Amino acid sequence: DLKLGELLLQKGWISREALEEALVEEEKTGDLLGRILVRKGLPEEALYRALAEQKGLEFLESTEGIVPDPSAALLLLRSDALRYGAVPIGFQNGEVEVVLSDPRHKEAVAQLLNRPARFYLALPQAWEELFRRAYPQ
């Protein structure tokens, strides 16, 4: 398994000098690497695509075509969907389909769901739009 920086290098979306500059700053700041890379010019979608591939998630280019299944939304309390950044949207072959806001949460969510699941990753704005449609307040 590759680290995020190596992944982006392999995909040609950052240079080695950009990575080394980010990693030297990270050693001096503690900030998340992806956050530093984006601040320095990496497209945020480049970040999420690499983060998706790293955690074995399907990157969702859009959430606009998704009609959330109310049955699937019941599998998580709204407050949990929010804090875990997970939207269950439907079912496929006996697995629940779940759209995450942060790939670092995949394991915490998968353990909670305790059932076969298919995980997707969406950009922040797209995720929030999907969450509000799935969990009206």
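Numbering starts at 1 and follows the sequence shown.
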property	result
Stretch exceeding the other in mean C-alpha B-factor - 15-23, 109-117	15-23
Which of 41-49 and 28-36 has higher mean CA B factor, as the PDB entry lists it	28-36
Third of the chain's Cα B-factor distribution that residue 61 belongs to, per the entry	highest
Within-chain third of residue 79 by Cα B-factor, per the entry	highest
Chain thirds of CA B-factor: placement of residue 93	highest
Third assignment of residue 54 from its chain's C-alpha B-factors	middle
